[PDB]
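> Give the three-dimensional model of this entry:
(2 chains, ligands or ions: 1)
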There are 2 protein chains.
Amino acid sequence: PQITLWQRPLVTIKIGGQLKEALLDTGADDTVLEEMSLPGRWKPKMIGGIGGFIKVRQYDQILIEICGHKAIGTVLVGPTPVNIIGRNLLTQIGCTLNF
Amino acid sequence: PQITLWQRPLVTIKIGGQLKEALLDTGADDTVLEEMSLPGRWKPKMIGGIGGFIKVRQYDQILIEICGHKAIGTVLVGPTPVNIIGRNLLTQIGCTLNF
Ligand SMILES: CC(C)(C)OC(=O)N[C@@H](Cc1ccccc1)[C@@H](O)CN[C@@H](Cc1ccccc1)C(=O)N[C@@H](CCC(=O)O)C(=O)N[C@@H](Cc1ccccc1)C(N)=O
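Numbers count the residues shown, from 1 in each chain, chains lettered A, B, ... in the order given. Find the structure here:
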């Protein structure tokens, strides 16, 4: 689909068998989701954005479904004000910036 | 042009008669540029992103040229680790998210 940018490009994602809603961030290297219950063993990490670095829990090989498309990638879980779909996954559903 | 997301979508911008380079952020509501010399009177503001809020200096009616296209908008200047081209301007050069 073609998403314009007059409204925040929010997209519904199904991850962990839960229904969420995520921002499509092209400035985000990683996909960082809010706090939630996720299966498997993880590892502690630290990411930075405008404002500072946050300690997030990292998960690899994680299936997620953004607007119907499936993609198995690494998801960071931490105190993010909004779910963020970054390039690690945006590339998997084949997303482009056309202007 | 069509920009893929395997590499950070960096784009060269000419603002304030200076040559810069900015990230194309679709998750950014505002266009926030690093510290620099800019003409006109401004106003103090505060924006938040993953990590916290930062006190930035706001400027309105500001011409900028992203990849050759011109657009007069509001630019926030503050301690941002990287120049960010947000939706306030991304909409002006007619940018879309196609996946
Ligand atoms: C998550 C991680 C993988 C670490 O990537 C980044 O943080 N990337 C950021 C750039 C970067 C990368 C690497 C190193 C340094 C810096 C940027 O692209 C993130 N994009 C969005 C992510 C986001 C959006 C919305 C909510 C939370 C988070 C953003 O900062 N957006 C800010 C940019 C600053 C700005 O324009 O103000 C924004 O639009 N903030 C709005 C909306 C908002 C809502 C809630 C709270 C605070 C702010 C605002 N009003 O200030």
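
> Which residues belonging to the longest strand anywhere in chain A are considered buried?
Longest strand in chain A by number of residues (criterion: DSSP state E): strand A:52-66. Residues of strand A:52-66 classed as buried by neighbour count (16 or more other Cβ atoms under 10 Å in any protein chain shown): A:54, A:56, A:58-59, A:62, A:64, A:66. In short, each C-beta sits where N, CA and C put it, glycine included.

> Dump these into a markdown table; add distance to residue A:3 as well.
Shown next, in a markdown table, are the buried residues of strand A:52-66 (distance: Cβ to Cβ, whole Å):
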| residue | distance to residue A:3 |
| --- | --- |
| A:54 | 27 |
| A:56 | 26 |
| A:58 | 28 |
| A:59 | 26 |
| A:62 | 23 |
| A:64 | 18 |
| A:66 | 11 |
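
> Mind picking the two most distant members of those residues?
A:54 and A:66 (22.3 Å; Cβ to Cβ).

> picking up where we left off before, just send the buried residues of strand A:52-66 back as a markdown table, with distance to chain B too.
As requested, those are exported to a markdown table (distance: Cβ to the nearest Cβ, whole Å):
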| residue | distance to chain B |
| --- | --- |
| A:54 | 6 |
| A:56 | 9 |
| A:58 | 15 |
| A:59 | 17 |
| A:62 | 19 |
| A:64 | 14 |
| A:66 | 8 |
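
> and which of these is nearest the ligand?
Distance ranking of the buried residues of strand A:52-66 against the ligand, using Cβ to the nearest ligand atom, places residue A:54 first at 7.7 Å.
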